[PDB]
Amino acid sequence: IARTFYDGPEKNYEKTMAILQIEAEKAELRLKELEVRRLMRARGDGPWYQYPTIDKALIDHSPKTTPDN
Amino acid sequence: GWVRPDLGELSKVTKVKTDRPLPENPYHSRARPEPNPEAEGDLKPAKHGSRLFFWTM
Ligand SMILES: CCCCCCCCCCCCCCCCC[C@@H](O)O[C@H](CO[C@H](O)CCCCCCCCCCCCCCC)COP(=O)(O)OCC[N+](C)(C)C
């Protein structure tokens, strides 16, 4: 029965090791992403949560019929 | 010996020679804040996929 239907314990052991490594890395990445989201939304100094401002290319830099703009 | 200007001459844009230096900050502007740095590097696939609950892709 063992020879026909089942493998040795090492296969399940090392597959468990691989699964545990993947899951632990995913958990750490989730916590890191939450912290990064919090910091980026608080400071606004990252790529995320960038809200539009007025384009400076819309300004007319011409004499304006009055010396003081 | 004065000659009256012709039509369209007083409205010309002329050039003037002056020794007055060109002002550098006529608006009295402050120093502009520095921008967010940049996006750099090559794009790699997301580590372990979406990582959304039970999904492995
Ligand atoms: C000889 C008498 C004394 C001893 C009697 C012992 C009784 C044992 C027989 C009863 C069957 C046990 C249940 C079967 C469960 C096994 C299913 C699965 O886990 O096994 C697969 C093996 O597949 C087998 O083909 C299972 C087939 C069993 C299906 C039973 C069908 C019986 C139906 C009855 C029909 C009779 C006639 C009908 C007339 C209409 C594994 O696939 P594999 O990916 O390789 O695994 C790798 C492991 N290796 C490396 C060791 C190979």
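In what follows, chains are A, B, ... by sequence order, proteins preceding strands, each numbered from 1. Only heavy atoms go into these numbers, but all of them, side chains included; no hydrogens, no water, no symmetry mates.
The environment of NZ in A:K32 is sparse: at most 12 heavy-atom neighbours from other residues, nucleotides or ligands sit within 6.0 Å. Remark: A:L34 CG is packed, more than 12 non-hydrogen atoms of other residues, nucleotides or ligands lying under 6.0 Å away. Taking a 6.0 Å sphere around CG of B:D42, one finds it holds 12 or fewer heavy atoms contributed by other residues, nucleotides or ligands. Atom CD of B:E9 is surrounded by more than 12 heavy atoms from other residues, nucleotides or ligands within 6.0 Å.
A distance of 4.0 Å separates NE2 of B:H48 from CD of A:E25, quoted to the nearest 0.5 Å. Separation of atoms NZ (A:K26) and NZ (B:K47) is listed at 10.5 Å; rounding is to 0.5 Å. Expressed to the nearest 0.5 Å, how far CZ of A:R30 lies from CZ of B:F53 amounts to 8.5 Å.
For the pair A:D45 and B:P37, the tightest heavy-atom approach, listed with the atom from each and the gap, is O-CD, 4.5 Å.
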